């Protein structure tokens, strides 16, 4: 029970990338958890967390994560290392690209979680995002609508970055 990946999905893209990420951590255990099935206290079981949340079709949070969001204040993230990833349409959702993981990070960071895995904005075209931290994304930004050809390279580079951050 090494690394806990908790994701929500609307269409199934975030689920598929959750499996690729799990594969890319070759010598480590990444367990997968749909937050539609999970409780918020399951986050207590891991020191290493990867949070997957798509840019919401409607509102600012994917519905399942939206349900867990109000309960995050019951959990103490002090001492935990937390990485974030999300899918989004940088053209169709240009003013809200990756807002969800930006919102999730702000809360988890205030509860004590330490963010690792910041990701450059080079190669993205968007107007606004809540996931921006000093010119970088708070985590891996994937676009399957417009940049599905970059997804596998990006996941591979990001996981390699995380292994140096997680000490793997």
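Positions refer to the first chain, counted from 1.
Asker: Select between 105 to 113 and 56 to 64 the stretch whose C-alpha atoms have the higher average B-factor in the entry.
Answerer: According to the entry, 56 to 64 carries the higher average C-alpha B-factor.
Asker: Quick one: higher average CA temperature factor, 76 to 84 or 91 to 99?
Answerer: It is 91 to 99.
Asker: If I read the C-alpha B-factors straight from the PDB entry, which of 48, 119, 69, 126 is highest?
Answerer: Largest recorded C-alpha B-factor: 69.
Asker: Based on the PDB record, which member of 146, 10, 151, 157 exhibits the highest Cα temperature factor?
Answerer: Highest CA B-factor of the listed options: 10.
Asker: So where's residue 162 on the chain's Cα temperature factor ranking, which third?
Answerer: Its C-alpha B-factor belongs to the middle third of this chain's values.
Asker: Compare the C-alpha B factor of residue 140 with those of the other modelled residues in its chain, then answer lowest, middle or highest third.
Answerer: Residue 140: CA B-factor falls in the lowest third of its chain.
Asker: In terms of the chain's CA B-factor thirds, is residue 131 lowest, middle or highest?
Answerer: Bottom third by C-alpha B-factor.
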